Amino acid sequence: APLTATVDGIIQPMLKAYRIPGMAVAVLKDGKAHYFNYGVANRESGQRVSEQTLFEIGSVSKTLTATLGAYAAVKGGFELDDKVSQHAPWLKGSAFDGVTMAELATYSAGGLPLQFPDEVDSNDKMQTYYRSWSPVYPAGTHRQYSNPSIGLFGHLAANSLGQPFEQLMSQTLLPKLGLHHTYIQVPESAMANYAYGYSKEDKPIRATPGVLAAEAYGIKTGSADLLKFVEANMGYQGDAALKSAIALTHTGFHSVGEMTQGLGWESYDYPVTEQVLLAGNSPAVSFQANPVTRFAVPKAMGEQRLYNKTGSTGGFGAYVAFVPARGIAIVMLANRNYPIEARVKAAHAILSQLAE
């Protein structure tokens, strides 16, 4: 069917059902970007959503952090199989003597939690927290989705090149990817484009600052820049190091059921059913530890995959999925944190129609 009717017919009922004030949708098909914009960025002002509206993308940020980490590895800052304490002198002698950088990146260090404990909320206390942490599971055996885990990976990866994370992201990675309207901290000059998010009580909210927030869930961007990053994941040509870095993000390290964990990106064998894609993105996988299917060696996952990432903040809900072999992708950025199941069902419906 026609593209506008396909997208509208799936997105509009969902926006009504979940009272989502605004959504920017971007689709890749036939080598071209297409933008579908709904509703408002700011309920009070009535500013309309466009592909230039800045949304909080939450944990979709982890795909950019993972790309930065891979870039630092390609540039020689570390090897993925290095022990974490080789790259954090303050962790020498801790449990991180027995955890690799790859395990940190892929949530398999041994039971680091979803969030930092409440008062682990300064750099000093963060260091003490990791230095004193007692593993729950042997390294590499269990996947427990974790902000502290990938957060530390990003932080250490940037330090391995001698820079803070925010500097390496903003001055090197984003410009090299051609993302010039993507930010960790939205500058005053771009504030007019920044949406508000909406809480369950319909109050306007924005992201909460926090330890390793930048690395784990801190990016603000619009659908056009985010789709440009997806395009770089479909086939990128340019900086050899950045090309290699993106390839590393498509390497699989272990699996949990039908989901294979990469750096940032999670993927599925394609074609993939709605049921499987939902399950891989459900709480049984995202909010509890699971034993992994170990890989003999990390594997390039290739083009016949659906790669995806969910992300949220208090006021925002994002999802991205792409299928390189079919030249199709979707970005959906909303200013309500609405259920992941709805995001996945809508994206799967649209992608299925894009592949006919």
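The first residue of the shown sequence is 1; numbering continues from there. Rigid core: the largest C-alpha set superposing within 1.5 Å between the two forms.
Engineer: Comparing against the shown form in 4 other deposited structures of this protein, which stretch has the larger RMS C-alpha deviation after a rigid core superposition, 142-150 or 202-210?
Structural biologist: Clearly, after the core fit, the stretch farther away in 4 other deposited structures of this protein is 202-210.
Engineer: Looking at C-alpha RMS in 4 other deposited structures of this protein with the core superposed, is it 267-275 or 193-201 that drifts more?
Structural biologist: Result of the core-fitted comparison in 4 other deposited structures of this protein: 193-201 deviates more.
Engineer: Comparing 267-275 with 114-122, where is the mean C-alpha B-factor higher?
Structural biologist: The stretch with the larger mean CA B-factor is 114-122.
Engineer: Could you check the entry and say whether 144-152 or 172-180 has the higher mean CA B-factor?
Structural biologist: Result: 172-180.
Engineer: Just the C-alpha B-factor column, please: which of 202, 103, 215, 231 has the biggest number?
Structural biologist: Answer, based on the entry's C-alpha B-factors: 202.
Engineer: Between 189, 108, 159, 249, which one tops the list for C-alpha B-factor in the PDB entry?
Structural biologist: Highest CA B-factor of the listed options: 189.
Engineer: Which third of the chain holds residue 302 when residues are ordered by C-alpha B factor: lowest, middle or highest?
Structural biologist: It falls in the middle third of the chain.
Engineer: Taking the C-alpha B-factors as the PDB entry records them, is residue 223 in the lowest, middle or highest third of its chain?
Structural biologist: Within its chain, residue 223 is a lowest-third residue by C-alpha B-factor, going by the deposited values.
Engineer: Could you tell me which third, lowest, middle or highest, the C-alpha B-factor of residue 56 occupies within its chain?
Structural biologist: Lowest third - that is where residue 56 ends up once the chain's C-alpha B-factors are sorted.
Engineer: Among the modelled residues of its chain, does the C-alpha B-factor of residue 130 lie in the lowest, middle or highest third?
Structural biologist: Tercile = middle for this residue's CA B-factor.
Engineer: Lowest, middle or highest third: which one holds residue 253 when the chain's residues are ordered by CA B-factor from the entry?
Structural biologist: As the PDB entry reports it, the C-alpha B-factor of residue 253 lands in the lowest third of its chain.
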